[PDB]
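First to last, the sequence lines map onto chains B and A.
First residue of the first sequence? That's 1 in PDB author numbering, and the numbers climb one at a time after it.
First residue of the second sequence? That's 1 in PDB author numbering, and the numbers climb one at a time after it.
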Amino acid sequence: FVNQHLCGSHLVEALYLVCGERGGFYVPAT
Amino acid sequence: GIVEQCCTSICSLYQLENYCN
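Spelled out as structure tokens, the structure:
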């Protein structure tokens, strides 16, 4: 992880890498 | 507001975790 501008699916990816991989996710399936 | 925090400005894993909680 590196701090940068993040949006859309790239934002969701960042949230997944930091916390979705800890099981803490609400998964916006689309 | 995750969009205003990350799309608009620079954000980091530290803030991203608050949207996980």
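Quick reminder that beta carbons are idealized off the backbone N, C-alpha and C, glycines included.
Endpoints, alpha helix (DSSP H) assigned at residue i
i: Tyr14 (chain A); result: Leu13 to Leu16
i: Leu15 (chain B); result: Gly8 to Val18
heavy atom of the ligand ATP below 6 angstroms from residue i C-beta
i: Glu4 (chain A); result: Inclusion of the ligand ATP in the displayed structure is not the case, the ligand content being empty and no account of it being possible.
Euclidean distance between Cα positions of residue i and residue j
i: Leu17 (chain B); j: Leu13 (chain A); result: 9 angstroms
i: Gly20 (chain B); j: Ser9 (chain A); result: 22 angstroms
i: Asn21 (chain A); j: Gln5 (chain A); result: 16 angstroms
Cβ neighbours of residue i in the same chain (closer than 7 angstroms, five flanking residues each side left out)
i: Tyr19 (chain A); result: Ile2
i: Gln15 (chain A); result: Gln5
Beta-ladder partner(s) of residue i, from DSSP
i: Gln4 (chain B); result: A:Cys11
Cβ neighbours of residue i in the same chain (closer than 8 angstroms, five flanking residues each side left out)
i: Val12 (chain B); result: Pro28
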